[PDB]
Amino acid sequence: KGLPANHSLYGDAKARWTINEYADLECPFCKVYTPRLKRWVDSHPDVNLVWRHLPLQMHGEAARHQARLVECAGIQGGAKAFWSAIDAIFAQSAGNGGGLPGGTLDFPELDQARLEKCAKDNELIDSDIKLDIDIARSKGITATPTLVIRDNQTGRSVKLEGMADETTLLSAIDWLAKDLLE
């Protein structure tokens, strides 16, 4: 294991299971699913959520630039800024490759000129986006959202493609760990 998630983490850092949500800020599925999944995590403290980048090629530049904007928000403001920027981008983008008007995010609690420079220039964040995409492709992930649910106690994980509903989530965690619940 490498360093733990901070700005990309939603929920309790010490949660037993982590839902890795591979997602694209232009994807209409991700737009409706991400808030519903955060709700679910709110009511299951034992599970947390980590956003992983997979901007899809058919969504072009907009999805890549928006991935960089949310990492740069994390630099400025941590998790709270990161997840607020995810919401703001899903609300403000045309979606589907149309992107933000002028590429510009309206998020006045952040330093906007600073935000834009970081999306243009910071290669560390660009690398981190690319790494999530490379990991996704190594696992054969092609569409968004796709979940990788990891049990942090055992290391085991399971992949689910699509907008998994509560039955899907519960049954995946049961598949990981039904005999290790006490």
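Quick note: we count residues from 1 along the sequence shown, nothing fancier.
Once the C-alpha B-factors are averaged per stretch, 63-71 and 151-159 rank with 151-159 first. A summary of the deposited B-factors shows that, of 104-112 and 85-93, the stretch with the larger mean C-alpha value is 104-112.
Note on the listed residues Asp174, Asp12, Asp24, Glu21: the highest Cα temperature factor in the record is that of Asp12. As recorded in the entry, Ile135 carries the highest CA temperature factor of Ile135, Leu54, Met58, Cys30. For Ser43, the recorded CA temperature factor ranks within the highest third of the chain's modelled residues. Sorting the modelled residues of the chain by their CA temperature factor places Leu131 in the highest third.
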